[PDB]
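S.K.: Protein chains in written order, with PDB author numbering: chain V, 469 to 585; chain L, 118 to 285, 294 to 527; chain A, 294 to 410; chain S, 235 to 293; chain G, 469 to 527.
Virtual Cβ for every residue (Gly too), placed ideally from N, Cα, C.
Take this structure first; my questions come after.
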Amino acid sequence: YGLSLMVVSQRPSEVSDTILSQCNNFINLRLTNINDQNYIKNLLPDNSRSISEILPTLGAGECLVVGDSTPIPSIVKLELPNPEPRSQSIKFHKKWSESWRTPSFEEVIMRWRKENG
Amino acid sequence: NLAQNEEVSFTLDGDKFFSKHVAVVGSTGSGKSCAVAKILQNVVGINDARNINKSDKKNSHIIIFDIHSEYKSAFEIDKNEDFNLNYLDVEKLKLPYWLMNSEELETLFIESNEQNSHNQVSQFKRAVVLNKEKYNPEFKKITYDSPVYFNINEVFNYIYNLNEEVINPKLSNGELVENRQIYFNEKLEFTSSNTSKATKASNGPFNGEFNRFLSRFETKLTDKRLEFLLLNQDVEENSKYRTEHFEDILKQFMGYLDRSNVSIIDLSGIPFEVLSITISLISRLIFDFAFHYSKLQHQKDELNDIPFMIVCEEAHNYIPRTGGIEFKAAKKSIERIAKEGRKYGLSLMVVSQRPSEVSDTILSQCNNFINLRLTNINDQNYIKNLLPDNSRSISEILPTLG
Amino acid sequence: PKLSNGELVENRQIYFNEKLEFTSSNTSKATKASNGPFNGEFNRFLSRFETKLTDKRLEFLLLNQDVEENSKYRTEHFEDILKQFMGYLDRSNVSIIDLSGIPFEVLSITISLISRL
Amino acid sequence: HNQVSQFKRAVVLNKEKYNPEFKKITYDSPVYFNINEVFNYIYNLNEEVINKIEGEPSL
Amino acid sequence: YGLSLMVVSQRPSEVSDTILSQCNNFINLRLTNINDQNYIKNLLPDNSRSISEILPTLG
Numbered sequence: 469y470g471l472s473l474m475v476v477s478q479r480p481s482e483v484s485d486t487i488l489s490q491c492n493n494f495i496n497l498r499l500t501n502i503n504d505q506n507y508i509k510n511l512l513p514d515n516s517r518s519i520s521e522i523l524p525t526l527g528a529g530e531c532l533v534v535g536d537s538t539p540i541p542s543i544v545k546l547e548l549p550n551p552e553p554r555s556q557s558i559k560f561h562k563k564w565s566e567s568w569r570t571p572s573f574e575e576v577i578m579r580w581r582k583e584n585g
Numbered sequence: 118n119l120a121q122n123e124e125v126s127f128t129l130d131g132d133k134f135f136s137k138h139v140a141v142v143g144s145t146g147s148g149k150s151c152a153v154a155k156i157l158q159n160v161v162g163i164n165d166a167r168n169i170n171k172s173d174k175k176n177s178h179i180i181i182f183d184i185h186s187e188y189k190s191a192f193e194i195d196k197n198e199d200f201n202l203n204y205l206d207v208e209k210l211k212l213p214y215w216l217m218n219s220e221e222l223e224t225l226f227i228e229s230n231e232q233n234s235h236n237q238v239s240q241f242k243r244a245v246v247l248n249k250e251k252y253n254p255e256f257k258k259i260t261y262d263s264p265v266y267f268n269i270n271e272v273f274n275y276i277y278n279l280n281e282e283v284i285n294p295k296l297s298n299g300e301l302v303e304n305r306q307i308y309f310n311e312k313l314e315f316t317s318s319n320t321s322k323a324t325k326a327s328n329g330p331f332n333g334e335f336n337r338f339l340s341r342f343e344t345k346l347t348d349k350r351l352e353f354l355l356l357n358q359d360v361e362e363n364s365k366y367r368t369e370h371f372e373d374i375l376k377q378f379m380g381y382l383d384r385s386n387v388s389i390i391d392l393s394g395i396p397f398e399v400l401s402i403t404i405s406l407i408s409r410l411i412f413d414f415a416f417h418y419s420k421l422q423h424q425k426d427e428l429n430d431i432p433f434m435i436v437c438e439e440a441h442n443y444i445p446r447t448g449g450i451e452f453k454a455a456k457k458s459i460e461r462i463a464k465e466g467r468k469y470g471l472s473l474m475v476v477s478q479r480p481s482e483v484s485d486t487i488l489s490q491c492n493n494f495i496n497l498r499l500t501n502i503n504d505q506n507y508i509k510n511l512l513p514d515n516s517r518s519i520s521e522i523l524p525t526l527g
Numbered sequence: 294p295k296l297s298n299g300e301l302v303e304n305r306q307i308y309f310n311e312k313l314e315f316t317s318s319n320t321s322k323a324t325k326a327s328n329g330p331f332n333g334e335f336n337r338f339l340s341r342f343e344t345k346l347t348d349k350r351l352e353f354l355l356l357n358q359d360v361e362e363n364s365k366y367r368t369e370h371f372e373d374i375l376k377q378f379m380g381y382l383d384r385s386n387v388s389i390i391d392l393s394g395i396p397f398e399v400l401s402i403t404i405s406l407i408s409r410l
Numbered sequence: 235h236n237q238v239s240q241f242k243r244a245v246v247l248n249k250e251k252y253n254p255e256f257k258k259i260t261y262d263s264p265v266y267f268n269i270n271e272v273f274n275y276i277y278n279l280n281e282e283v284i285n286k287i288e289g290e291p292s293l
Numbered sequence: 469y470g471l472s473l474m475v476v477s478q479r480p481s482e483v484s485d486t487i488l489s490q491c492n493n494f495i496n497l498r499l500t501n502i503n504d505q506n507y508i509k510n511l512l513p514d515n516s517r518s519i520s521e522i523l524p525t526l527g
């Protein structure tokens with residue numbers, strides 16, 4: 469019905485097996501968890517189980533491709549996107565290097581009650 | 118300094134350490150509190166019992182949930198170095214009981230070691246909402262979960278209408302008083318059942334069914350250990366805090382009242398029955414403050430300027446891996462600030478002695494781990510499994526630590 | 294069922310419009326009344342129901358139909374609702390649905406809804 | 235379940251009757267509760283007969 | 469609070485693991501049941517595993 473999946477997960481050992489096992493191709497970047505190592509080793513076909521040992525040693529920007537679409541497994545270097553992704557996260561240390569900043573402690577309490585609650 | 122070489126200075130990436138949730142576990146005798154105190158004094162700026170930030174006060178915001186009451190001297194210095202500590206013990210803590218959701222209120226008052234009788238909970242909820250609505254006319258929409266001030270004693274007097282003989294209006298106060306709002310003001314006394322008139326003169330619908338509930342309730346209303354909920358509203362000081370005074374109780378936690386970078390919340394004297402409610406209330410109010418503050422600044426194209434730093438010393442009590450219904454509210458609140466709060470400016474360092482007994486719904490979200498020596502084998506296995514990097518050099522050192 | 298004012302209700306569907314007050318239990322014969330099979334069994338259910346309905350952070354689900362003009366979305370509105378997720382209105386080729394602000398207890402339900410649609 | 239509930243109710247009842255001064259009389263309270271009256275309480279519950287004669291309340 | 473344990477048993481495989489795992493020091497006399505020796509080996513600190521092989525021989 470024109471629906472296919474591609475999975476992004478830091479910890480493949482925690483994602484449900486009922487969906488990861490359905491994957492045919494793989495894009496394996498650097499992994500540093502033995503459980504992820506072994507689960508990955510199990511899902512990949514036997515054709516790359518020998519080259520799959522390189523996973524803890526991939527450099528920055530390099531990925532290993534194993535699947536049917538690629539004729540044979542390969543290590544592909546990925547060019548940076550334009551524009552680059554960036555989450556507006558807060559990092560606490562420089563906010564802690566400034567002086568005491570009192571945020572007037574008034575409008576937030578007004579926002580607590582939307583209109584009257 | 119490095120353990121192997123003591124001359125090399127070892128540094129981390131601070132922006133990637135405190136901004137993300139951290140877990141601190143270990144075992145007794147390794148100085149886990151020692152390591153926590155060292156980290157805390159390094160971040161806040163205590164160096165050889167001297168405050169480096171003398172001329173100017175840095176923007177450090179640690180809030181501590183202390184249950185042992187053994188961290189006071191971690192930051193208590195002489196007065197001349199002007200680095201004050203907001204020591205919120207059981208006595209000085211002021212947490213109003215009317216900022217308290219349905220579940221917490223029901224568990225505090227209604228819940229008992231016996232099976233509840235029918236129409237007890239519903240009458241309590243109706244009394245609470247009616248007293249809320251009576252007390253504030255300005256607020257438009259009032260429900261059982263609206264954080265508005267109300268008197269618990271008036272609700273008790275409403276439940277005191279147990280001795281109803283007037284009708285299954295026929296109130297036997299004066300002659301035929303109609304409005305029931307006077308129930309809050311006074312206990313009231315009614316006549317006997319040996320009479321009749323044009324209308325019915327039989328016992329009330331709730332007659333003879335609250336007798337057991339008032340006893341437990343009034344015993345709770347005169348409890349000295351529970352004095353930090355402002356339950357005994359008869360005293361003037363307990364009644365001085367109102368809906369317009371939500372400002373004062375909020376600021377005593379962030380420490381802006383006395384300009385304190387460290388705000389110890391000492392849970393020493395709070396009973397084991399109301400600990401979860403206190404933790405959940407504090408957690409909810411911190412999360413709501415951060416949420417509203419963050420949403421406010423989005424109009425100015427700016428993010429949070431005042432982050433917060435929550436340590437949860439001996440966390441294995443109130444967020445257990447397995448347990449009963451006692452710690453539900455604390456568990457859900459800590460989960461709220463764990464699975465989120467990185468967007469709204471909140472960080473958690475879950476300090477526990479037993480990482481194998483802490484809920485994994487909060488332990489899986491920690492990005493950095495500070496582990497000391499471990500004696501229990503399953504503790505070792507669980508910690509090693511949780512660690513993002515364990516490659517033949519991290520899974521072999523946990524018991525060998527000194 | 295007998296109302297407080299005495300009118301027997303023949304159609305239970307009047308409960309939909311508004312809340313109704315009932316009579317009291319009596320052991321006599323002139324005005325004998327018995328509690329219903331569902332009397333007082335939904336108190337906690339009703340409390341949690343109201344708590345879910347009165348939540349201000351869950352406005353995307355449009356749960357406060359009683360006071361807000363959220364009843365405007367009749368079954369007829371399913372067309373544009375379907376087309377909004379998939380970029381048919383603005384001819385957007387990429388369907389990114391951010392879920393950062395969704396509270397953590399309703400994330401799974403939203404993801405399930407969108408995937409199923 | 236019914237036996238557990240009835241036993242705890244009877245113990246709490248006897249504890250309250252024999253200890254009026256104490257307030258938080260709980261099932262784990264180390265106050266006096268006698269077993270003969272609890273056994274009699276279970277005996278009479280097991281043999282109780284309710285009266286359903288019209289007019290008077292069912293006791 | 470002022471309480472500690474000095475558990476004594478012939479069958480460590482039968483004593484619940486929730487308490488034996490809390491023992492910080494051990495006084496180990498001769499053991500001859502392999503199922504008990506394996507348990508006491510796994511529960512011991514790592515540094516003492518090498519020297520722990522004397523248990524069947526101690527007399």
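1. Counting only the same chain and skipping the five closest in sequence on each side, list residues whose C-beta sits under 7 angstroms from that of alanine 166 of chain L.
2. When burial is assigned at 16 or more other CB atoms within 10 Å of the CB, is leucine 512 of chain V buried or exposed?
3. How big is the Cα-Cα spacing for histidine 235 of chain S and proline 445 of chain L?
4. For the segment 253-266 of chain L against the segment 574-585 of chain V, do three or more pairs of beta-carbon atoms, one drawn from each stretch, fall closer than 8 angstroms, so that the two count as touching?
5. Please give me, in chain order, every unbroken run of the beta strand (DSSP E) with length at least 3 that falls completely inside the segment 416-454 of chain L.
6. Taking 9 angstroms as the threshold (C-beta atoms), are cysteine 437 of chain L and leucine 473 of chain L in contact?
7. For the structure I just gave you, are there three or more beta carbon pairs, one from the segment 458-472 of chain L and one from the segment 202-221 of chain L, closer than 8 angstroms?
8. Can you tell me whether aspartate 485 of chain V is buried or exposed? The criterion is at least 16 other CB atoms within 10 Å of its CB, across all chains shown.
9. Considering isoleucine 502 of chain G, what are the terminal residues of the alpha helix (DSSP H) in which it resides?
10. Is the beta carbon of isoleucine 487 of chain G closer than 9 angstroms to that of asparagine 496 of chain G?
11. With distances taken from CA atoms, which of A:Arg367, A:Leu313 and A:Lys349 is nearest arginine 305 of chain A?
12. Check the DSSP bridge columns for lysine 175 of chain L and list the partner residues they point to.
13. Using only the alpha-carbon positions, how far apart do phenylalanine 241 of chain S and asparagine 268 of chain S sit?
14. Within the same chain, show all residues whose beta-carbon is closer than 8 angstroms to that of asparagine 493 of chain V, passing over the 5 residues directly before and after it, in chain order.
15. Against chain G, does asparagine 510 of chain L count as a neighbour if the rule is that its beta carbon must be under 9 angstroms from one of theirs?
16. Can you check which of these residues, L:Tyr204, L:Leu410, L:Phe135 and L:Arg341, is closest to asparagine 159 of chain L by C-alpha distance?
17. In angstroms with no decimal places, state the Cα-to-Cα distance between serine 239 of chain L and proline 396 of chain L.
18. Among the residues of its own chain, which have a CB less than 6 angstroms from the CB of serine 542 of chain V, if the five just before and after it don't count?
19. Can you list the residues of chain B that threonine 344 of chain L reaches, using a CB-CB cut of under 7 angstroms?
20. Should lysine 258 of chain S be labelled buried (16 or more other beta-carbon atoms within 10 Å of its own) or exposed?
21. Using the C-alpha atoms, what's the distance from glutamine 358 of chain L back to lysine 174 of chain L?
22. Going along the segment 522-534 of chain V in order, which residues come within less than 7 angstroms of chain L, judged by CB to CB distance?
23. For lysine 322 of chain A, name the three-state secondary structure that DSSP assigns.
24. On the DSSP letters alone, give me the boundaries of the beta strand (DSSP E) that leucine 205 of chain L sits inside.
25. Below 8 angstroms on the Cβ atoms is my guess for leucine 356 of chain A versus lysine 345 of chain A; work out the distance and round it to an integer in Å.
26. Identify which residue in L:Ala244, L:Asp183, L:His138 and L:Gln237 has its Cα closest to the Cα of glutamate 334 of chain A.
27. Run down chain A in chain order and give the residues with a C-beta less than 8 angstroms from the C-beta of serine 239 of chain L.
28. Starting from the N-terminal side, write out each stretch of the alpha helix (DSSP H) that is 4 residues or longer and does not extend beyond the segment 298-376 of chain A.
29. Given a cut-off of 9 angstroms, decide if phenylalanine 315 of chain A and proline 294 of chain A are closer than it, judged by their beta-carbon atoms.
30. Report the neighbours of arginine 569 of chain V on chain L: residues whose CB is nearer than 9 angstroms to its CB, in chain order.
31. When the distance is taken between beta carbons, is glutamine 490 of chain G closer than 9 angstroms to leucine 499 of chain G?
32. Run through DSSP, which three-state label would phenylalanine 494 of chain L get?
33. Report all residues from its chain with a CB closer than 8 angstroms to the CB of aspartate 348 of chain L; omit the five preceding and five following residues, and keep chain order.
34. Less than 6 angstroms between C-beta atoms, sequence neighbours within five positions excluded: which residues of the same chain meet that for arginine 341 of chain A?
35. Can you tell me whether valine 139 of chain L is buried or exposed? The criterion is at least 16 other CB atoms within 10 Å of its CB, across all chains shown.
36. Of the residues L:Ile435, L:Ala326 and L:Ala415, which one's Cα is nearest the Cα of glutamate 281 of chain L?
M.R.: So, to answer that:
1. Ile194
2. buried
3. 27 angstroms
4. yes
5. 433-436
6. yes
7. no
8. By the neighbour-count rule (16 or more Cβ atoms within 10 Å), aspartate 485 of chain V is not buried but exposed.
9. 502-511
10. no
11. When only C-alpha atoms are compared, the closest one is A:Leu313.
12. V:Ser567
13. 12 angstroms
14. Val533, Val534, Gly535, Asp536, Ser537 and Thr538
15. no
16. L:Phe135
17. 27 angstroms
18. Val533
19. Annotation note: the requested chain B is absent from the structure, which comprises protein chains V, L, A, S and G.
20. exposed
21. 38 angstroms
22. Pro524
23. In the three-state scheme derived from DSSP, where H, G and I count as helix and E and B as strand, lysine 322 of chain A is classed as coil.
24. Per DSSP, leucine 205 of chain L is one residue of the beta strand (DSSP E) stretching across 202-205.
25. 7 angstroms
26. L:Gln237
27. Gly333 and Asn336
28. 336-346
29. Yes, they are a contact pair.
30. Correct list: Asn176, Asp430 and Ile431.
31. No, these two residues do not count as a Cβ contact at 9 angstroms.
32. strand
33. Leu356
34. none
35. buried
36. Residue L:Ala326 is the option with its Cα nearest to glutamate 281 of chain L.
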